[PDB]
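Containing compact mmCIF, C-alpha atoms: query05.txt.
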```
# COMPACT_ATOMS: atom_id res chain seq x y z
CA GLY A 1 77.81 -53.57 51.02
CA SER A 2 78.12 -52.17 54.54
CA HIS A 3 78.45 -48.66 53.07
CA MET A 4 79.86 -45.58 54.88
CA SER A 5 83.55 -44.58 54.51
CA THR A 6 83.39 -46.24 51.04
CA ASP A 7 82.50 -49.89 50.54
CA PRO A 8 85.49 -52.31 50.19
CA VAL A 9 85.36 -53.20 46.63
CA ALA A 10 84.72 -49.64 45.76
CA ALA A 11 87.62 -48.56 48.00
CA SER A 12 89.92 -51.01 46.26
CA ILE A 13 88.86 -49.80 42.78
CA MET A 14 90.00 -46.38 43.97
CA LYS A 15 93.45 -47.44 45.21
CA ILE A 16 94.19 -49.36 42.07
CA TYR A 17 93.81 -46.37 39.75
CA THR A 18 95.35 -43.80 42.12
CA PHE A 19 98.47 -45.62 43.29
CA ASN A 20 99.22 -47.22 39.91
CA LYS A 21 99.58 -44.42 37.38
CA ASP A 22 100.40 -47.08 34.75
CA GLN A 23 97.00 -47.47 33.14
CA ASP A 24 98.30 -50.28 30.89
CA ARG A 25 98.74 -52.46 33.96
CA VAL A 26 95.49 -51.24 35.53
CA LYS A 27 93.66 -52.28 32.35
CA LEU A 28 95.61 -55.54 32.24
CA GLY A 29 94.19 -56.33 35.66
CA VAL A 30 90.67 -55.37 34.58
CA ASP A 31 90.90 -57.45 31.39
CA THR A 32 91.98 -60.53 33.31
CA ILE A 33 89.31 -60.16 36.02
CA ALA A 34 86.45 -59.25 33.66
CA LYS A 35 87.38 -62.23 31.48
CA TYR A 36 87.37 -64.65 34.39
CA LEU A 37 84.01 -63.28 35.50
CA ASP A 38 82.63 -63.55 31.96
CA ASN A 39 82.81 -67.35 31.87
CA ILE A 40 80.98 -67.40 35.21
CA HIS A 41 78.42 -64.77 34.11
CA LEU A 42 77.65 -66.07 30.59
CA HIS A 43 77.36 -69.65 31.81
CA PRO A 44 76.13 -69.40 35.42
CA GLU A 45 75.35 -73.13 35.45
CA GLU A 46 79.01 -73.92 34.82
CA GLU A 47 80.09 -73.53 38.44
CA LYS A 48 83.18 -75.40 37.28
CA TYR A 49 84.69 -72.11 36.06
CA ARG A 50 84.72 -70.35 39.48
CA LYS A 51 88.20 -71.61 40.24
CA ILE A 52 91.43 -69.59 39.85
CA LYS A 53 94.77 -70.83 41.29
CA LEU A 54 97.12 -67.93 42.14
CA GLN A 55 100.33 -69.75 41.07
CA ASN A 56 99.98 -68.90 37.39
CA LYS A 57 101.77 -66.70 34.86
CA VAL A 58 98.88 -64.31 34.16
CA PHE A 59 98.36 -63.79 37.89
CA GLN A 60 102.05 -63.62 38.91
CA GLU A 61 103.25 -61.35 36.08
CA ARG A 62 100.29 -58.97 36.37
CA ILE A 63 97.79 -59.06 39.29
CA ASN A 64 100.46 -60.13 41.82
CA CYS A 65 102.73 -57.35 40.51
CA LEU A 66 99.91 -54.84 40.65
CA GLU A 67 97.99 -52.73 43.16
CA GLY A 68 95.09 -53.81 45.42
CA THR A 69 93.59 -55.63 42.47
CA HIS A 70 93.87 -58.73 44.62
CA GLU A 71 91.85 -57.11 47.37
CA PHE A 72 89.17 -56.19 44.82
CA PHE A 73 88.85 -59.86 43.80
CA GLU A 74 88.40 -61.06 47.38
CA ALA A 75 86.07 -58.14 48.17
CA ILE A 76 83.77 -59.07 45.25
CA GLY A 77 83.20 -62.37 47.08
CA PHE A 78 86.15 -64.65 46.42
CA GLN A 79 87.95 -66.60 49.07
CA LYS A 80 91.38 -68.10 49.05
CA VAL A 81 91.66 -71.77 50.00
CA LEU A 82 94.68 -74.00 50.26
CA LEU A 83 93.96 -77.25 48.46
CA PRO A 84 92.96 -80.58 50.17
CA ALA A 85 95.81 -82.68 48.81
CA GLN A 86 98.46 -84.88 49.77
CA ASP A 87 100.75 -84.20 46.88
CA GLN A 88 101.70 -80.76 48.15
CA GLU A 89 102.69 -80.33 51.81
CA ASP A 90 102.63 -76.59 51.16
CA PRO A 91 99.70 -74.21 50.60
CA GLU A 92 98.74 -74.02 46.95
CA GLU A 93 96.17 -71.22 47.09
CA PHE A 94 93.04 -71.12 44.98
CA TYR A 95 90.63 -68.25 44.58
CA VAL A 96 87.07 -69.47 44.41
CA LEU A 97 83.88 -67.43 44.12
CA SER A 98 82.38 -68.28 47.51
CA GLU A 99 78.90 -69.63 48.25
CA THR A 100 78.28 -66.48 50.28
CA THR A 101 78.13 -64.58 46.99
CA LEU A 102 76.62 -67.43 44.96
CA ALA A 103 73.44 -66.93 46.99
CA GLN A 104 73.34 -63.29 45.84
CA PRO A 105 74.23 -63.00 42.13
CA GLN A 106 73.09 -59.37 42.22
CA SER A 107 76.12 -58.56 44.39
CA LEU A 108 78.53 -59.99 41.81
CA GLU A 109 76.61 -57.99 39.24
CA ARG A 110 77.16 -54.77 41.19
CA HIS A 111 80.81 -55.64 41.62
CA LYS A 112 81.41 -55.92 37.83
CA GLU A 113 79.39 -52.68 37.49
CA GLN A 114 81.57 -50.92 40.08
CA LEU A 115 84.65 -51.87 38.16
CA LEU A 116 83.43 -50.40 34.87
CA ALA A 117 82.16 -47.28 36.67
CA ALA A 118 85.75 -46.31 37.45
CA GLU A 119 85.14 -42.66 36.41
```
Would you give me this structure, written as structure tokens?
Amino acid sequence: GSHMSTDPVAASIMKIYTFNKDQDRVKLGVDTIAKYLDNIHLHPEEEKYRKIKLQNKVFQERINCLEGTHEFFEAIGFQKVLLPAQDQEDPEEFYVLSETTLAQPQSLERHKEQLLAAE
């Protein structure tokens, strides 16, 4: 990344484990994120998987009730959007792996590496 004073994603991996002593929940975050990234990694042509709405049980009961696990997700290259619809006059947010990171798959690779290298 930019480096110096610890890169963002790396910095957020650190806060997650240090502030949240409950390793069950830390791992619950990791499981969910690694799983979401797996569908994108194993089938890179299926761009259709790179979509994660935040208003969902797995997110709300775990990642939303967790540490800077959310910051990690955005730091790996995801952006929040509010949907372009006319059914919902309120912001339904969606995490999407942004084109800025699509162009550099090696960065996503390092970001899943960083997360496992939580030693």
Selection near residue A:51, 7 Å with all atoms listed in the file, sequence-local residues under 6 positions removed, as an MDAnalysis selection string:
chainID A and resid 94:96
Same residues, C-alpha atoms, saved as a PDB file, keeping the file's coordinate frame:
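again34.pdb was written with the following content:
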```pdb
ATOM      1  CA  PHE A  94      93.040 -71.120  44.980  1.00  0.00           C
ATOM      2  CA  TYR A  95      90.630 -68.250  44.580  1.00  0.00           C
ATOM      3  CA  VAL A  96      87.070 -69.470  44.410  1.00  0.00           C
TER       4      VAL A  96
END
```
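Between atom CA of residue A:9 and atom CA of residue A:116 the interatomic distance comes to 12.2 Å.
Taking all atoms listed in the file into account, residue A:2 lies nearest to A:75 out of the set A:75, A:81, A:102, A:54.
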Could you tell me which of A:67, A:99, A:108, A:79 comes closest to residue A:28 if we count all atoms listed in the file?
A:67
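Across the model, the gap from atom CA of residue A:40 to atom CA of residue A:92 is 22.3 Å.
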Using all atoms listed in the file, pick whichever of A:109, A:22, A:7, A:74 has the shortest atom-to-atom distance to residue A:38.
A:109
Å distance separating atom CA of residue A:87 from atom CA of residue A:61, one decimal place
25.4 Å
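Residues with any atom within 10 Å of residue A:82, counting all atoms listed in the file and excluding same-chain neighbours fewer than 2 positions away, are residues 53, 80, 84, 85, 88, 90, 91, 92, 93, 94 and 95 of chain A.
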Filled-in N, CA and C atoms of stretch 67-95 of chain A, supplied as an mmCIF file, in the coordinates of the input:
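Result written to out.cif:
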```
data_model
loop_
_atom_site.group_PDB
_atom_site.id
_atom_site.type_symbol
_atom_site.label_atom_id
_atom_site.label_comp_id
_atom_site.auth_asym_id
_atom_site.auth_seq_id
_atom_site.Cartn_x
_atom_site.Cartn_y
_atom_site.Cartn_z
ATOM 1 N N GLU A 67 98.569 -53.344 41.978
ATOM 2 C CA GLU A 67 97.990 -52.730 43.160
ATOM 3 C C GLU A 67 97.011 -53.654 43.897
ATOM 4 N N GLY A 68 96.114 -53.070 44.693
ATOM 5 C CA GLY A 68 95.090 -53.810 45.420
ATOM 6 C C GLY A 68 94.027 -54.451 44.545
ATOM 7 N N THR A 69 94.446 -54.885 43.375
ATOM 8 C CA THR A 69 93.590 -55.630 42.470
ATOM 9 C C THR A 69 93.236 -56.968 43.089
ATOM 10 N N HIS A 70 94.126 -57.475 43.931
ATOM 11 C CA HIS A 70 93.870 -58.730 44.620
ATOM 12 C C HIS A 70 92.769 -58.552 45.660
ATOM 13 N N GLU A 71 92.795 -57.432 46.373
ATOM 14 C CA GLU A 71 91.850 -57.110 47.370
ATOM 15 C C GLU A 71 90.471 -56.937 46.746
ATOM 16 N N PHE A 72 90.424 -56.333 45.563
ATOM 17 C CA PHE A 72 89.170 -56.190 44.820
ATOM 18 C C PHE A 72 88.530 -57.562 44.593
ATOM 19 N N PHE A 73 89.298 -58.489 44.054
ATOM 20 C CA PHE A 73 88.850 -59.860 43.800
ATOM 21 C C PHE A 73 88.267 -60.530 45.044
ATOM 22 N N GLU A 74 88.932 -60.427 46.179
ATOM 23 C CA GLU A 74 88.400 -61.060 47.380
ATOM 24 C C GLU A 74 87.176 -60.294 47.883
ATOM 25 N N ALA A 75 87.198 -58.975 47.759
ATOM 26 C CA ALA A 75 86.070 -58.140 48.170
ATOM 27 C C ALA A 75 84.810 -58.373 47.326
ATOM 28 N N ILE A 76 84.950 -58.795 46.071
ATOM 29 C CA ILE A 76 83.770 -59.070 45.250
ATOM 30 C C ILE A 76 83.078 -60.353 45.732
ATOM 31 N N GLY A 77 83.776 -61.150 46.540
ATOM 32 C CA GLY A 77 83.200 -62.370 47.080
ATOM 33 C C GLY A 77 84.013 -63.627 46.888
ATOM 34 N N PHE A 78 85.300 -63.491 46.608
ATOM 35 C CA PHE A 78 86.150 -64.650 46.420
ATOM 36 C C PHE A 78 86.893 -64.922 47.693
ATOM 37 N N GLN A 79 87.193 -66.184 47.909
ATOM 38 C CA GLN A 79 87.950 -66.600 49.070
ATOM 39 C C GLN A 79 89.119 -67.395 48.567
ATOM 40 N N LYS A 80 90.192 -67.353 49.330
ATOM 41 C CA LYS A 80 91.380 -68.100 49.050
ATOM 42 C C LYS A 80 91.243 -69.389 49.834
ATOM 43 N N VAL A 81 91.733 -70.495 49.304
ATOM 44 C CA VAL A 81 91.660 -71.770 50.000
ATOM 45 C C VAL A 81 93.081 -72.239 49.813
ATOM 46 N N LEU A 82 93.484 -73.245 50.545
ATOM 47 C CA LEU A 82 94.680 -74.000 50.260
ATOM 48 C C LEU A 82 94.060 -75.341 49.905
ATOM 49 N N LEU A 83 94.582 -76.028 48.911
ATOM 50 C CA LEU A 83 93.960 -77.250 48.460
ATOM 51 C C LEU A 83 94.038 -78.421 49.456
ATOM 52 N N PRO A 84 93.115 -79.395 49.327
ATOM 53 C CA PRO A 84 92.960 -80.580 50.170
ATOM 54 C C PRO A 84 93.678 -81.770 49.541
ATOM 55 N N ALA A 85 94.993 -81.677 49.466
ATOM 56 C CA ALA A 85 95.810 -82.680 48.810
ATOM 57 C C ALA A 85 97.024 -82.981 49.567
ATOM 58 N N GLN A 86 97.546 -84.074 49.084
ATOM 59 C CA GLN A 86 98.460 -84.880 49.770
ATOM 60 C C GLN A 86 99.683 -85.075 48.905
ATOM 61 N N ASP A 87 99.737 -84.208 47.918
ATOM 62 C CA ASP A 87 100.750 -84.200 46.880
ATOM 63 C C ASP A 87 101.655 -82.988 47.103
ATOM 64 N N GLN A 88 101.150 -82.091 47.937
ATOM 65 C CA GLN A 88 101.700 -80.760 48.150
ATOM 66 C C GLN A 88 101.584 -80.446 49.639
ATOM 67 N N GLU A 89 102.661 -80.650 50.374
ATOM 68 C CA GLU A 89 102.690 -80.330 51.810
ATOM 69 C C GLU A 89 102.938 -78.840 52.056
ATOM 70 N N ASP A 90 102.573 -78.039 51.070
ATOM 71 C CA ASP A 90 102.630 -76.590 51.160
ATOM 72 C C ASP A 90 101.324 -76.002 50.613
ATOM 73 N N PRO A 91 100.988 -74.771 51.026
ATOM 74 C CA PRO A 91 99.700 -74.210 50.600
ATOM 75 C C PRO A 91 99.615 -73.640 49.188
ATOM 76 N N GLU A 92 99.071 -74.455 48.307
ATOM 77 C CA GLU A 92 98.740 -74.020 46.950
ATOM 78 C C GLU A 92 97.409 -73.282 47.047
ATOM 79 N N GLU A 93 97.420 -71.957 46.969
ATOM 80 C CA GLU A 93 96.170 -71.220 47.090
ATOM 81 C C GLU A 93 95.334 -71.146 45.828
ATOM 82 N N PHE A 94 94.033 -71.185 46.046
ATOM 83 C CA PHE A 94 93.040 -71.120 44.980
ATOM 84 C C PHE A 94 92.020 -70.070 45.334
ATOM 85 N N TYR A 95 91.703 -69.201 44.396
ATOM 86 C CA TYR A 95 90.630 -68.250 44.580
ATOM 87 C C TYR A 95 89.409 -68.968 44.066
#
```
